[PDB]
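Here you get one chain, nothing else, as structure tokens; it is the form deposited without the ligand.
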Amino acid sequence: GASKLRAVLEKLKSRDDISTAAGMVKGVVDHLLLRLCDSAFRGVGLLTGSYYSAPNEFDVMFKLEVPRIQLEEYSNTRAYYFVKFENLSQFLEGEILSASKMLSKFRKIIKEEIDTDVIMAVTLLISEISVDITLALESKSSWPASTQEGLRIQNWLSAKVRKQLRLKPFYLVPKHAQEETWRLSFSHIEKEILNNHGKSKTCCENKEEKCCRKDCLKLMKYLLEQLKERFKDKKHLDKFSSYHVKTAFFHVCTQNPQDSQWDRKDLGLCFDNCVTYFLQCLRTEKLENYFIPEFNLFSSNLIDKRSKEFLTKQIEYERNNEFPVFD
């Protein structure tokens, strides 16, 4: 029953509709970067606008190079940190850097340069299409000791690649934990190891090496969004996001490191295994962050078992009926 999934893939490929709309966004973003003329946002750049069933919604991240940072871990929560440190000290509240103040001037300088308006990091609605903008510090120092045993790809993309990827800078993003904390972000690494997906360097570059990894992730996200929309009336699925399903997908990738276990003929079986693993994470309330292995996205402190037991029930019914949410 894999043709119904490829029929979904066929309809999912809204290909030109996102291509023509991204040009309108490119102007707004390029017309946003010049105005942050600010001393505070001098070295601000971006991180190819992403688009996680909604071709009219975008999210771009604005990198801000911050040199000579030093991080204090919050409270054994290995993903949230305080930031310490030719000098810029407006938001420097004592020694910790005020995330709320630093985000306020970011919202302020952006609201000045903006049928384009702003909603309550930053979302806008141009020409009636929305763009989420995110502020991120860049630290070219070594990755925090909380990441050392994460990104277990040595058996899949090789240890030589993992050492190379950990040479790259990491990113911190304002995110409360109960406030004034920044969270570790490796979205750039996620982009890297998704477009260089295979164990073979020529994977998917020829008909004999066509795998179904990207297609499995796309259906995982599509399944979640469809059910997130179907049950919009209640809020049981509001705490789930495509970051969870893509983190689970990465754990299936390190579990099945060979390209032979991802042949496009076995798309139905491979996707069935991807759905099976995501359900196991739901029931056991365990899905470690791919880069911070001690950070549990599915801990009871973040999502309650009632909402996971609801998501599990919906997915189990879907798999047992050839996924009607696709119809």
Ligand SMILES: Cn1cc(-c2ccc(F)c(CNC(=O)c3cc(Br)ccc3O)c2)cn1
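Only residues modelled in both forms are compared. Here, rigid core means the biggest group of C-alpha atoms that superpose within 1.5 Å across both forms. From 1 onward, residues are counted along the sequence shown.
Here the subject shifts to the form deposited with the ligand bound, a form of this protein not shown in this document.
Among residues of the shown chain, residue 82 is not one whose heavy atoms approach the ligand to within 4.5 Å in the deposited bound form. Mapping the unseen interface onto this chain, residue 282 falls outside it, with no heavy atom inside 4.5 Å of the ligand in the deposited bound form.
Heavy atoms of residue 246 reach within 4.5 Å of the ligand in the deposited bound form, making it an interface residue. With a 4.5 Å cutoff on heavy atoms, residue 102 does not count as touching the ligand in the deposited bound form; it lies far away. Checking 209, 190, 138, 215 against the ligand in the deposited bound form, a heavy atom within 4.5 Å turns up for just one residue: 190. Using a 4.5 Å heavy atom cutoff, 241, 292 and 295 all lie near the ligand in the deposited bound form. Contact with the ligand, judged by heavy atoms within 4.5 Å in the deposited bound form, is confined among 23 to 31, 37 to 45, 64 to 72, 284 to 292 to 284 to 292. Superposition on the rigid core leaves 15 to 20, 48 to 52, 115 to 120 as the runs of at least three consecutive shared residues whose Cα positions differ by 2 Å or more between this form and the one not shown.
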